[PDB]
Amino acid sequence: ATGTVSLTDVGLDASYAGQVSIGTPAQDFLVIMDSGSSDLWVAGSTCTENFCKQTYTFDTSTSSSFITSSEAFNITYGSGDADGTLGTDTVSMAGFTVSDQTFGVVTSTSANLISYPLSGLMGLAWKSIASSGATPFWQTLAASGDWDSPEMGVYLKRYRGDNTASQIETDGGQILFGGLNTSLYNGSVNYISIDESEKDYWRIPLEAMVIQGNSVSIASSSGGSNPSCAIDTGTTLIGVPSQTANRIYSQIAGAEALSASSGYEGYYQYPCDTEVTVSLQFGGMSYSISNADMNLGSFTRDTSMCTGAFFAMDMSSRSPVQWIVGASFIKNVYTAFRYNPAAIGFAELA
C-alpha cells in the first residue's frame, strides 16, 4: 500500500506538519514531520504550559486503548527540549495504523518549542536515535512489508518570498509513504547510498559546495575531509560549523557575521540586492538553492543587508553530523528517504 500525508507549511517555511490520530476514539493533532529525529510526542491535556492552553492536547483519560507508564520521556532538540512520560496507544497516519505505538505525552517544554497549530512532533528517522527507545511509526510500516516500495517521498512547498503568504498554509506539500509521487518530480532519482553504520539520522556526505562560483573548503576539525549532513525536514535553515560559515560568507562581497550584541550571533548578512547563486553537490550532482530560500530578509534596521540561510553552529564531537541541511535546501528538490537499500535520493521538482 501507499498513503499520503498532506503538509501544512507553518511560519513561512519554518516547519512542515501533518495529521496524526492517536487513541480510541481518534484524537487528531498537527505534528511537525521531522526527518531529524525518531520520537512521536504530543502535548498532554494535563500540561499547564501556556502553549498547551492555546493548542490541541491529547487527553489520555478519554482513550480506551491508552496504556500508561511511569516511564520518563525527556528529549533534547537543537531548538530546546520536551519532557513528560511514555505511553502506548493506537496511532494512525496516511491511512496506516500501528496499534501499540509508544510515544511521549509531553507536559513541559523549553520556551517557544512549538505553538498553535502544532501539538507535537513525528520523528521520521531511525530507531537508534529514538529517546524513547521505541521503533518509529514509519519504520514499523517499512519493516512490516506494508509499503509498495520501501521509501517515503517528500515535497515541501515554498512560501518564503511570497509577500502575501500566511503563517499557516494548509497547501504546504506532501509526504508519500511507500513510494514516490511521479507527478511532483521530473527525470531520474539520484540515490546516495547509506551504509548499515549510518542508520541514525537520515544523513549523507556533502561532496562540495559552490557559492558565487567558488568551491568552498568543506573540511572541518569535527567532520574531517567531508561532513556528514542530516537531511532534516524539521530544521528551517542550514547549520554548518563556524569555520565553514566564515568560508561560505567570505565568497559574498559585503557579507558579515551579525554581532553578539544584535541578538543574532551565528547568523550572517550580506547585501540585499546580491542574488546568491549557491549549490550543494550530493552523489555527483549539483543541487541549486533558490534566492527565495537563501535570502531571509533584513534582521536589523539596516535594510540594505539581508540574513542568509546558512548559519554557524559548532556540533558536539559526540554528533555523527557536522551539517544540518533543512527546508531551505529541501524545498529545491523532491526527496526520497529509502529504507532498503538504505539511501537518500534527490530528483528535480516537476
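In this text, residue numbers run from 1 along the sequence as written.
- On average the C-alpha atoms of 298-306 have higher B-factors than those of the other stretch, with 33-41 and 298-306 being the two compared.
- Comparing the deposited coordinates for 214-222 and 91-99, the stretch with the larger average C-alpha B-factor is 214-222.
- The residue among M209, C229, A260, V240 whose C-alpha atom has the highest B-factor in the PDB entry is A260.
- Across the residues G123, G104, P205, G133, the deposited record lists the maximum Cα B factor for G133.
- Ranked by C-alpha B-factor against the other modelled residues of its chain, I175 falls in the lowest third.
- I114 sits in the middle third of its chain by CA B factor, as recorded in the PDB entry.
- When the modelled residues of the chain are ordered by C-alpha B-factor, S288 sits in the lowest third.
- In this PDB entry, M315 carries a Cα temperature factor that places it within the highest third of its chain's modelled residues.
- The entry lists a Cα temperature factor for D146 that places it in the highest third of the chain's modelled residues.
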